[PDB]
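Excluded from the calculations below are hydrogen atoms, water molecules and symmetry mates; all remaining heavy atoms, backbone and side chain alike, are included. Position 1 is the first residue of the sequence; numbering continues from there. First listed ligand is number 1; within each ligand, the first listed atom is number 1.
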Amino acid sequence: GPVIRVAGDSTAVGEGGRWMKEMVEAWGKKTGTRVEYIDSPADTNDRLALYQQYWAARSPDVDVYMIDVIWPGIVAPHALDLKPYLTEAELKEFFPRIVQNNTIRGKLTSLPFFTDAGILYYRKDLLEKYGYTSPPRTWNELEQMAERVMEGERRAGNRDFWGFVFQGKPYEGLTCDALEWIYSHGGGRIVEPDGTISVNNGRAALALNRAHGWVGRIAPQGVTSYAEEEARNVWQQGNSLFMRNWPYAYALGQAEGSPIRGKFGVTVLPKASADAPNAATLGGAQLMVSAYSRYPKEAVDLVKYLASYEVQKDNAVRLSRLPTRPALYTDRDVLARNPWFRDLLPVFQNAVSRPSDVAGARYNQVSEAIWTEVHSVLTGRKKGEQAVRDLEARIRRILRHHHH
Ligand SMILES: OC[C@H]1O[C@H](O[C@H]2[C@H](O)[C@@H](O)[C@@H](O)O[C@@H]2CO)[C@H](O)[C@@H](O)[C@@H]1O
């Protein structure tokens, strides 16, 4: 019979690729359907380029793709409309904001799979050791705590110890980190939902100068090459006070054999001042049936399975990844394993989106401009004032003649 082939997630990031292959194989066994899993590179912008080769070719060689939350506007032509396959009641079991995000010109491009938000990981043992009772609420507090704890841990002989790690590589992850910096300084959304390109302002410029000031000081010089996993590995070895990352890192840091098991918590990222908005960049993954799949019925069935309550529960319990079904946030087993799912729910609900709705199919070009200009601040090439001006100009060229 048919072989249903899935491209989604990556074995290069934590357990997500291994787990996804396990889920697809479970579906195959349950239904008596042959399946194959095609692996992907770690970074989402690299995954997009890979998948675009198949789409450009109208290739039937992948039936189901795991797509980023920023992609529906780009990928819609390549997606089978799922709307006729789901009842209104089935669709209402997901968060309506995510179903909306996935709907482009009426086409339900994909089912919500897991959501995501940037959060602050912190070493509770170290905060206690150095006389701190709570994680930092402001970026200045974060800098002060990092400097003090670094001074102490270095003096004690840990030459590998840093204050803060994050994603500073030039790729989509840096657009996420930078939106959080900019938005948490009251600098706006880079491109506002209405289309206004707002980034050329002093709050945005200050946010980027602040981030530059961390590099080689409280963060490694090499942070300008870090994606999720490079940051995670410094952190998980016990060598960073703080880390910005996504929910997946939590289960991995709690695993048996992790040096930091039981030594950390999570909270909302800091902000410039008490009246700035909290920033958590919205992330996550959706499940798309290929427009070019020869087996739409079977592929839909697989996507419904992967998006089901029990599969999302397993993702939550074993991989600490955020459900797209509100009902799971009240499930006793999800909450006993990840109590912070409840504590941080309002942070996840108020997550700030990158400008993928307003940029639509041009989002990847906009993001590349963002991460390249931001990276130029991190590397010391430009100051934040020049970078936000240059970024404004670049995005204006990209979006000229584009309307949402
Ligand atoms: O790098 C930006 C990218 O980060 C997040 O995706 C992670 C996800 O959290 C991990 O579980 C795993 O799948 O790797 C991805 C990073 O490569 C966001 O979900 C995503 O929206 C964002 O673009």
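For the residue pair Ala251 and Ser320, the shortest heavy atom distance occurs at N-OG, 2.8 Å. When all heavy atoms of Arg189 and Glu192 are compared, the pair lying nearest together is N-OE2, 3.0 Å. Minimum heavy-atom separation, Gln349 to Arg97: O-NH1, 3.5 Å.
Ligand 1 lies less than 4.0 angstrom from a heavy atom belonging to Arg354. Remark: distances from the non-hydrogen atoms of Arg47 to ligand 1 include one below 4.0 Å. By the 4.0 Å heavy-atom criterion, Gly16 is excluded from the residues contacting ligand 1.
Among all protein heavy atoms, the one lying closest to atom 4 (O) of ligand 1 is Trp246 NE1, 3.0 Å. Counting only heavy atoms of the protein, atom 8 (C) of ligand 1 lies nearest to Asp116 OD2, 3.5 Å. Of the protein's non-hydrogen atoms, the one nearest atom 10 (C) of ligand 1 is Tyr248 CD2, 4.0 Å.
Contacts of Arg321 with ligand 1, taken as heavy-atom pairs under 4.0 Å, involve the side chain alone. At a 4.0 Å heavy-atom cut-off, ligand 1 touches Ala42 through the backbone alone.
In this structure, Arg244 forms a cation-pi arrangement with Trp246, its terminal cationic atom sitting closer than 6.0 Å to the ring centre and no more than 45° off the ring axis.
None of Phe114, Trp19, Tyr250 except one satisfies the side-chain contact (heavy atoms from CB on, under 4.5 Å) rule with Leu319; the exception is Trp19.
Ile370 has its side chain within reach of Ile395: a pair of non-hydrogen atoms, C-beta onward, lies under 4.5 Å apart. Side-chain contact between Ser258 and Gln236: present, with at least one pair of heavy atoms (C-beta onward) separated by less than 4.5 Å. Looking at heavy atoms from C-beta onward, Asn101 lies in side-chain contact with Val69 at the 4.5 angstrom threshold.
Ligand-side atoms of ligand 1 in range of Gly173: 1 (O), 2 (C), range being under 4.0 angstrom from any heavy atom. Residue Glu228 approaches ligand 1 through these ligand atoms, each under 4.0 Å from one of its heavy atoms: 1 (O), 2 (C), 4 (O), 16 (C). For ligand 1, the atoms lying closer than 4.0 Å to a non-hydrogen atom of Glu172 are 23 (O). For ligand 1, the atoms lying closer than 4.0 Å to a non-hydrogen atom of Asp68 are 20 (C), 21 (O), 22 (C), 23 (O). Proximity to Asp9 (heavy-atom distance under 4.0 Å) selects the following atoms of ligand 1: 12 (C), 13 (O). If you number the atoms of ligand 1 from 1 as listed, the ones under 4.0 Å from a heavy atom of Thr44 come out as 23 (O).
Taking a 6.0 Å sphere around CZ of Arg396, one finds it holds 12 or fewer heavy atoms contributed by other residues, nucleotides or ligands.
For ligand 1, one of its N or O atoms has an N or O atom of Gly284 under 3.5 Å away.
Relative ring orientation between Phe164 and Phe242 is described as perpendicular, the plane-to-plane angle rising above 60° on a 0-90° scale split at 30° and 60°.
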